[PDB]
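Colleague: Before I ask anything, here is the structure I am working with.
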Amino acid sequence: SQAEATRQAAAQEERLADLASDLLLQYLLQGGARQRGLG
């Protein structure tokens with residue numbers, strides 16, 4: 001979750017296969033309100 005110059009340039013949209021995977025990692029943070037969690 002870092003950025004130097006731009007983000008759109010090196011985005012994870014072009015590679016759907018990558019998004020489908022990352023979605024699982026991001027989903028963890030995207031959810032988990034009441035239940036246990038870090039956020």
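Residues in the structure tokens are numbered from 1 in each chain, the chains being A, B, ... in the order shown, and ligands are numbered from 1 in the order shown.
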Based on DSSP run over this structure's backbone, return all residues of chain A in alpha helix (DSSP H), as a PyMOL selection string.
Modeller: chain A and resi 16-30
Colleague: Do you have the CA of residue 12 (chain A)-CA of residue 34 (chain A) distance handy?
Modeller: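 We find that CA of residue 12 (chain A) and CA of residue 34 (chain A) lie 29.2 Å from each other.
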